[PDB]
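Scroll down for the structure; my scribbles are underneath it.
Here, each number is a calculation from the coordinates, and none is a lab measurement. Heads up, the Cβs are rebuilt from the backbone with ideal geometry, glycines too, and the neighbour counts pull from every protein chain shown.
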Amino acid sequence: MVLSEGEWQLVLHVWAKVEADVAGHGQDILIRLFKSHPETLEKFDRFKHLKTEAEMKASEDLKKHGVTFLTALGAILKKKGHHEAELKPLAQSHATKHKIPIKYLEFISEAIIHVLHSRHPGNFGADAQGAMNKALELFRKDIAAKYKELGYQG
Ligand code: HEM
């Protein structure tokens, strides 16, 4: 798949807002995911002990990871499709070390859309959301193809 320049502009426009508060967004997203799909929290050995949302919100550790994760995704999105180099080290760690099924990548894509929709209604209408979805699908499709070559295809 290929996104048009107009679709990238919509994605990058909302992303500029996300960058005014990387840590706040990273936090909201992770928490959202963990709430609506508790199983995913099991993948994090440093977070499993987090019982309530108040526990998550207060966790300085979940916040730094939300920043590290959003920054890697931001780096990928700005490549506007030309992200193969960035995708490699990433695919290898999630398939081989952390073992994250594609399904979990879908779930987080969902959390991302939910959060942007809450915090940025004005820059996230139907078209902006279509663009963001097409972008994350692209990302997932490439990660999946990559998982396969590394012998996981989880
Ligand atoms: C757009 C999606 C994602 C991006 C851009 C991303 C990015 C990252 C980055 C950059 C790291 C740092 C070092 C490494 O490469 O391992 C990381 C770590 C990790 N990721 Fe992700 N990730 C994504 C999705 C996921 C998902 C859905 C899960 C789990 C349900 C996941 C689980 C983990 C775990 C277990 C670690 C390491 C935790 C730690 O020791 O700090 N990642 N991720």
request  = Would you be so kind as to identify which of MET132, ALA72, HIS13 lies farthest towards the positive end of the dipole of the chain, taking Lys and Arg as +1 and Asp and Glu as -1 on Cβ and the Cα centre as origin?
outcome  = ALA72
query = Over the Cα atoms of the chain, what Rg and Dmax result, in angstrom?
reply = 15.2, 43
query = With each pseudo-label sitting 7 Å past Cα toward Cβ, what's the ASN123-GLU5 distance in nm, one decimal?
reply = 2.1 nm
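Based on the mean of other Cβ atoms within 10 Å per residue, sort peptides 82-89, 140-147 so the most packed one is first.
So the peptides 82-89, 140-147, ranked by packing, come out 140-147, 82-89.
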Segment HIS13-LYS51, extension gain: residue separation times 0.36 nm, minus the distance between their alpha carbons = 10.2 nm
